[PDB]
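Q: I would like the atomic coordinates for the input below:
(chains A and B, ligands or ions: 1)
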Amino acid sequence: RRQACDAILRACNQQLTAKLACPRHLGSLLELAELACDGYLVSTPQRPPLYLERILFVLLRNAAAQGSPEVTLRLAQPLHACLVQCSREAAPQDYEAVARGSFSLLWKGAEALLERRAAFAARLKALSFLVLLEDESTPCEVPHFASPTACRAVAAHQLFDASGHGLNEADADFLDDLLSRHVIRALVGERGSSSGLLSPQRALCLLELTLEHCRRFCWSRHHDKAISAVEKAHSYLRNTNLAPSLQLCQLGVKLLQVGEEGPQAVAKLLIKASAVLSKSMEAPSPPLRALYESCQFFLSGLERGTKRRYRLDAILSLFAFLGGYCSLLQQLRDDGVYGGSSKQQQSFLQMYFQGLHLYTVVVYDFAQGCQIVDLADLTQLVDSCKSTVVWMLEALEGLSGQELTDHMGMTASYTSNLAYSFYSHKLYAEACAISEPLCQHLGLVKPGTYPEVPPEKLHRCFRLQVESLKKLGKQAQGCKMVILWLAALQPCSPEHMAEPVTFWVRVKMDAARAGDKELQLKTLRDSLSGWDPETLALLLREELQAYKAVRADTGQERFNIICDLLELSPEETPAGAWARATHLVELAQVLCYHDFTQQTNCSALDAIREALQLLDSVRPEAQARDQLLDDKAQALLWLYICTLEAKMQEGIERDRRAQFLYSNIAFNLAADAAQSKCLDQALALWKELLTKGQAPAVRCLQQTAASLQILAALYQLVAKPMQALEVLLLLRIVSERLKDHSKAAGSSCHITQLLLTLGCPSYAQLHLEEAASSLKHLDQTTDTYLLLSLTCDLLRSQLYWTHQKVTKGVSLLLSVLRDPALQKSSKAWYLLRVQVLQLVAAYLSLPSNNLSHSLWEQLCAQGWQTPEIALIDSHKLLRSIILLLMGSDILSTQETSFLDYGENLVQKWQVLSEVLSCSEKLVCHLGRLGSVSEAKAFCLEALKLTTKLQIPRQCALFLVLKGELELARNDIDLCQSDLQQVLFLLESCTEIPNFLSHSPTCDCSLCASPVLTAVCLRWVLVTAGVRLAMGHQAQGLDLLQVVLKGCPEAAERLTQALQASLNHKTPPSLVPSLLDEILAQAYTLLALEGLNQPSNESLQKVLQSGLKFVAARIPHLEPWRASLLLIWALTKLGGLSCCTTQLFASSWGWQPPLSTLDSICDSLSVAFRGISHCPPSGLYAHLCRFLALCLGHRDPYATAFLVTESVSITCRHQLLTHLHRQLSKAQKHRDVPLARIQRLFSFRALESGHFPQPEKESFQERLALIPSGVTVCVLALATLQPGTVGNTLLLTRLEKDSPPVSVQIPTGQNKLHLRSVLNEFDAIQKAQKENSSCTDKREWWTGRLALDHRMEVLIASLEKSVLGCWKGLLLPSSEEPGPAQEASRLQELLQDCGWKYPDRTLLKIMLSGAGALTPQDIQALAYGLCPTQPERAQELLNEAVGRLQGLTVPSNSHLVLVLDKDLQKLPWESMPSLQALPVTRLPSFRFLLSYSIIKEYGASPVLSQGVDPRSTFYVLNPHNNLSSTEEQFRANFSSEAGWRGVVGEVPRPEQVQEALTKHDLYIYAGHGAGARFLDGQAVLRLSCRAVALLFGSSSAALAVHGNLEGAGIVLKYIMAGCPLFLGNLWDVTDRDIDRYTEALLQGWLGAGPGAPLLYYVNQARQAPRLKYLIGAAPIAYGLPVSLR
Amino acid sequence: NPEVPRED
Ligand SMILES: [Zn+2]
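A: Numbers count the residues shown, from 1 in each chain, chains lettered A, B, ... in the order given. There you are, the coordinates:
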């Protein structure tokens, strides 16, 4: 029955197997077969031999062949029940083929159907049969879950939503319905058999399924359903061996469900969590895999919950669970079932590290969020942190390969992040403990075992420890850890070794600063003993580099390192020879700047020479050619440095012993070129290295850059600027290759400055933009940024100055000046300030038209008023830097170490170069201004400095400058000697001079160097000046033509050189302008000779050629333009001799008894505006007096102002400089009177306007400042040819509340002119000097008598043949109202007779002296004033004087005589009209105003109160040369009440200082003016309170040299504030001047209180036997003084 | 009798 049906079913199975064109029919037969199977099932559902099952399996196979999973599912629908009722055992592989194979068929069916929901549900029932008989199944692997049955459930979830973001509620119910009813129900069983609990294999499957369902649900945002699912398992959780597993899973499911809540929540679950794991492991046979898989889920709850929601207690609670989890994983490792196949064993280790990865992350989280009060919590985590690292290192034991490499990689990270946290919150002690076990294992391990762990990970793990030890105070342990750091990286490249080496020097340097010497004693060699020699040598080289990087004193440390290195290197081997040569170069540096020859028996030069020989004996391979180039270049550079140091030291001792101008021959030898050859060779090697495209193969490129900087500074010092330019370009290349933008910006700034100094602004502009570009990659908080930005601003300001953009340039300069960063106390800032001061001077040398008034006030308000002041401050700052860097030995030879630390080396040569350049600028500017003495002082100082350094080029430059100064002083012999020294220096530097007659395109030393070319042209200029001064015309003119040719030719050579050097395509737009001041001076001198020779037509076109040249270059050559305009005006005036009427006549109302002039005034006004701001003395005086002559009485105020401003200009400049010095010390010690005097003597204190309106307003204010009762008369000589003496006298009478009165007196028209008077005075002095030597008494006395008579005749001539009628201009004005009324009446009547310019004031002045107006004076006045009808004017004048005679009396008053350089010599005070009047002399009118200011503020005590007779200091017979003077004066001087002083001894300079500063009277009855004990500088440094009664020879005289204003000691006394100065105008004899002194002292002192000194001065003038030869000598300088 | 000058 059933068997027959089964046989029919087997045939039906074959029939149903066919899926041909009748598959639907087969399906219909299959449906009938299913009913037939049901009929068979009624008899027997499944054969006891499972034949029905085999038939069903065949039917399932037939369905598989026919692709009918649905039919098979219906066919095998009751198989589970049949299998359940089957019981028994021995289910075969076919059982799987029908049950597990059904799932396999479903898997292919799942691969067939596109949909999943229905297919997954079918697979779930298929999964209920896939592993149904798994009670004895083999365990699954351990990348997966516990059992294969649960593994199938996870596999279905894989086909489900893979993203696992969220689970729909309906989907959750639907997904649960599948597994719960099909898979879960099958495993659980309706007949659960509670007596028999789940089998061991069955139990493992049950828990694994629950975890996978919970994991998928919770991950895909679904927790509520899993809560009920866990309870279902918990419902059956009476007791089990896997019980802990679901309790821990319950906690995990809890955690995600709780989510983010109160803090304790996380801890409370974690507290219970530790209990479950700990007690389970205590069990004798714990469910290892059950605990494992379950723990991984709990970890996920935390990892997904890692949202910074952590506290202190959470972390310790985590460590409890973490520790137990670690035991479980290592315990699973003990078990050897997975020990064989490490594949699963490796997975266990990854799980261990994931467990620890969680701990490290949680701690970093806690660390970042920590406050000061929280640091206590951070400390409690230390011991837990320590244990974590130990476990990790213990876990690695046995791993080899990438497993070793990777898993060491984590342990490095994990400790590093942990240590970083403690380092971050200021916990150094704890950080070291955490990294200690790792640090020691990494060092001790046999080098090479760990060859792949990233260097950075190891560097980071080690660095934290070295830094922590360093800052705690453990410098000793740090050095050992550094050795351990190097030990771990033993098989590593030298590049990684740099950081350990840097930390080594820092730790040792800090140790040394702490006072420890034992640490210093230890050197790397001893501690690293055991390493290979080559690696030890490399590390020692790196340590030497790190020592060279650090500042402060490191000489002996480097010496010890070099000694060790030299010992290591084997000399017998060529590679050892190379290493020895390098170490010898280092030793050469050390011995070059230290004294250790007591320990080496070798000098720096010997070491460097042996290094050079060894280097020359090295034949390199294919590579290493680059390193050899670098080494040889460095050796050559340091040979040069050491030779220069030895030369400087020898020069120091040369001066010390001597303590010149004879060493100039010693300077220039073959040794000079032999020495410079080293620098040339170094440059060649570095260019060869750093020009090729490939990046150089040098060990240290930073040293190459530093050496390039040192080479560039030395080249600028030796005055070779093009070579320095090349070196700076190479430095730019290196900085670009080194990615250092600070170096690039500094190098480009240096190139811009060099190009600006040469005079090429375009190439300069291009380099400024490269610098600006490089500056945009730097931290704007760095001082380097600030310095470079300020420098770029200065360079842009200078470029604006050059390209005539003065307004914006001034704004930029003011922005730089007002920046607070410029005043930072660093050496580089000091060097910046110097260039600031030089650019300030550059702006201050500009005419007022270029800038507004407001910006002029803003620029002057900074502190510097004249260019010379700024230049002097720059020089002073440079000297201060030299003192701060290299002591004072190079500057003075009356102990601080150089302290070379890299920057100091470059700065040293830089500062020397800048001192020399600033000296050149100062000398040129001061010599141009006419201040030759100060310029000579600076020139001698610079010459001494270059003598010590032995640089022939700078010596030649300063010797040419000195020759120019001596030509200015009219000292031809000394100038010629200086020029000959220049000639020898030039001729031996290149190996009628020979540098002339050179080709325009020449490559010699004197033609390839702009500095030498300039020196040659200046030499030619000074030689031409000498030739013209000696009368050799047409030779000096030839030399000036040579200069004119040479300058433009040399400019083109410099243009071509600059273009070829910088490799620009187009040439510089405009030729450089550096020889333009030379060409302009040549133009001036040639035009002045054209004035001397009006016939030479050649010179006539030169004035137009020069004017177009200077007009093309406004406003840079303005002084020469002013000179050329003055020459043009003189050419237009006509004949400068013959004393004709002259065009000026019409402008003057008195003659001795558009228009050309309009044009001359315009040209002169332009030139005056050109030089008004900073005038040269002689040129200014020429312009002022010529313009006064032209203006005449057309403008009285302009004429008076012009006459006033032409006297004592050099004294004005010197007073401005002195006042700045006073204000500078005032600022230093801590001023209103000082400020007002600066504003009175200033040249820029003007308003804006047209000439002469602001000048006249300033003059009117200064006239309003005049005191009452003082008459100022300016006697100046109008010169109509520069370098001559004029015969026209300009007389200006200045008084309070009276309009200025001027007059022109031509004296050439009459015999006894002003030149004759001066010539006679000089002849008288010469004859006196000749007569002084004679021994015959009678001849001596007779000659003296003749000289006295000549003096009397000269004095009479002064009054009668020079001043004539205008003598009354010097006499006081009458207070009686008669002359005013008479002048008022006569003015109109005189205007009707032809008085062109009626002045009532002049009439008043002349009518005041009516009594002394001789009839001849009246005739001259009337005939010269009214030339149309002279006789009527004479009648009117005679009537007026008749009405005024007798009825007028002169009054109390004072005459101040302002005289020019030529007229100051003459004794004007002894003229018969001026014998009864109080007369003194002042340098200028501004000095009278200054005296008024000082008196108002109470600074001159004697001009305010009087002279105390008991406050006198006398210096009598100091040198014991005069015995008569002592005998006459000793008793009188010593018996005087209160007088102190000296006799027979040179008073110590300290005694005369106190005499001038603390007393009221100072009498010097000795030789000269006392300049031997008290010079001008000493009196200038003090304020003179006392009246200087100097009775020596020529004490009050001023020495006129060449065309320079007179100089003398009296000027220094006046500038110091002397109330009155009495001195001798010429030389005197002892006894006669003794009588004069006795008479003066007796008369003044015996007079008593209130005795005017001047009255007794003129009364004492009648005492000597020689009345005029001795009495007329004394004169007075200052203001009148009385006894109190 | 000649008098010495008051100079150096
Ligand atoms: Zn040449």
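Q: For chain A, what is the nearest residue in chain B?
A: Nearest residue of chain B to chain A, counting by Cβ to the nearest Cβ: residue B:3, 4.1 Å away. C-betas here are computed from N, CA, C, even on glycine.
Q: helix/strand/coil for that residue?
A: coil (DSSP: H, G, I helix; E, B strand; the rest coil).
Q: Now the nearest residue to it once chain neighbours are set aside: phi and psi?
A: Nearest residue to residue B:3, sequence neighbours excluded (Cβ to Cβ, 6 or more residues apart in numbering or on different chains): residue A:1629, at 4.1 Å. Note on residue A:1629: its backbone torsions stand at phi -100, psi 160 [degrees, to the nearest 10].
Q: Specify the beta-bridge partners of residue A:1629.
A: On the basis of DSSP bridges, residue A:1629 is bridged to residue B:5.
Q: Spatially central residue in chain B, please.
A: By Cα atoms, centre = their mean, chain B has its centre lying nearest to residue B:4, at 1.5 Å.
Q: Chain B contacts on chain A?
A: Contact residues (Cβ under 8 Å from any Cβ of the partner chain) of chain A with chain B: A:1332, A:1334-1335, A:1337, A:1340, A:1519, A:1521-1522, A:1566-1568, A:1572, A:1591-1594, A:1624, A:1627-1633.
Q: which of those are buried?
A: When the residues of chain A next to chain B are checked for burial by 16 or more other Cβ atoms under 10 Å in any protein chain shown, the buried set is A:1332, A:1340, A:1522, A:1566-1568, A:1591-1594, A:1624, A:1627-1633.
Q: Narrow those residues to those in strands?
A: Within these, residues falling in strands by DSSP state E are residue A:1624.
Q: Which of the residues of chain A next to chain B fall in helices?
A: A:1332, A:1337, A:1340, A:1630-1633 (DSSP state H).
Q: Out of those residues, which two sit at the greatest distance?
A: Maximum pairwise distance among these (Cβ to Cβ): 18.8 Å, between A:1337 and A:1633.
Q: Smallest gap between the stretch 351-500 of chain A and chain B, at which residue?
A: residue A:475 (70.1 Å).
Q: could you say which helix or strand contains the nearest residue to residue A:889 once chain neighbours are set aside?
A: In space, and not counting its chain neighbours, residue A:889 is closest to residue A:652: 5.0 Å by Cβ to Cβ, 6+ apart. Assigned by DSSP states H and E, residue A:652 belongs to helix A:625-658.
Q: and the closest residue to residue A:1218 other than its chain neighbours, what does it touch?
A: Nearest residue to residue A:1218, sequence neighbours excluded (Cβ to Cβ, 6+ apart): residue A:1615, at 6.1 Å. Contact partners of residue A:1615, counting by Cβ atoms under 8 Å, 6 or more residues apart in numbering or on different chains, are A:1211, A:1214-1215, A:1218, A:1580.
Q: likewise residue A:1318?
A: Here residue A:1318 is in contact with A:1285, A:1462, A:1465-1466 (Cβ under 8 Å, 6+ apart).
Q: In which helix or strand does it reside?
A: Going by DSSP H and E, residue A:1318 is part of helix A:1314-1333.
Q: chain center to that helix, what's the gap?
A: 61 Å (Cα atoms, centre = their mean, to the nearest Å).
Q: and what of stretch A:1257-1268?
A: Taking mean C-alpha positions (Cα atoms, centre = their mean), stretch A:1257-1268 and its chain are 47 Å apart.
Q: sorry, back to before: correct me if wrong: the residue of the stretch 351-500 of chain A closest to chain B contacts residue A:512.
A: No: if you go by Cβ atoms under 8 Å, residue A:475 and residue A:512 don't touch, sitting 9.4 Å apart.
Q: Give me the common contacts of the two.
A: Going by Cβ under 8 Å, 6+ apart, residues that sit against residue A:475 and also against residue A:512 are residue A:519.
Q: which of the two has more neighbours?
A: residue A:475 (20 against 17; other Cβ atoms under 10 Å in any protein chain shown).
Q: helix or strand for the nearest residue to the more buried one once chain neighbours are set aside, which one?
A: Closest residue in space to residue A:475, ignoring its immediate chain neighbours: residue A:511 at 4.2 Å, by Cβ to Cβ, 6+ apart. If you go by DSSP H and E, residue A:511 is part of helix A:498-513.
Q: Give me the contacts around the very next helix or strand once past that helix.
A: On the C-terminal side of helix A:498-513, the closest following helix or strand by DSSP H and E is helix A:518-521. Under the criterion Cβ under 8 Å, 6+ apart, residues A:475-476, A:479, A:508, A:511-512, A:557 lie in contact with helix A:518-521.
Q: so how far is helix A:518-521 off the chain centroid?
A: With Cα atoms, centre = their mean, you get 38 Å for helix A:518-521.
Q: Stretch A:811-819 now?
A: Worked out by Cα atoms, centre = their mean, stretch A:811-819 lies 15 Å from the chain centre.
Q: Would you mind listing the buried residues in that stretch?
A: A:812-814, A:816-817.
Q: what's the answer for stretch A:154-165, then?
A: Those would be A:154-157, A:160-161, A:164, for stretch A:154-165 by 16+ other Cβ under 10 Å.
Q: wait, which of those is closest to residue A:390?
A: Looking across the buried residues of stretch A:154-165 and measuring by Cβ to Cβ, the closest to residue A:390 is residue A:154, at 36.5 Å.
Q: Leaving out chain neighbours, which residue sits closest to residue 8?
A: Picked chain A for this. residue A:36 (7.0 Å).
Q: try chain B instead
A: Nearest non-adjacent residue to residue B:8 (Cβ to Cβ, 6+ apart): residue A:1567, at 4.8 Å.
Q: Next, the one you found: phi, psi?
A: Torsion angles, degrees, to the nearest 10, at residue A:1567: phi -90, psi 130.
Q: so what's it up against?
A: A:1518-1519, A:1521-1522, A:1592-1593, B:6-8.
Q: Output the residues you listed as CSV; include the columns distance to residue A:1499.
A: Below are the contacts of residue A:1567 laid out as CSV (distance: Cβ to Cβ, whole Å):
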residue, distance to residue A:1499
A:1518, 31
A:1519, 35
A:1521, 38
A:1522, 37
A:1592, 28
A:1593, 32
B:6, 33
B:7, 35
B:8, 34
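Q: list the buried ones in stretch A:574-582?
A: A:576-582.
Q: oh, I was asking about stretch A:141-154
A: A:142, A:144-154.
Q: That concludes my questions; thank you for your assistance.
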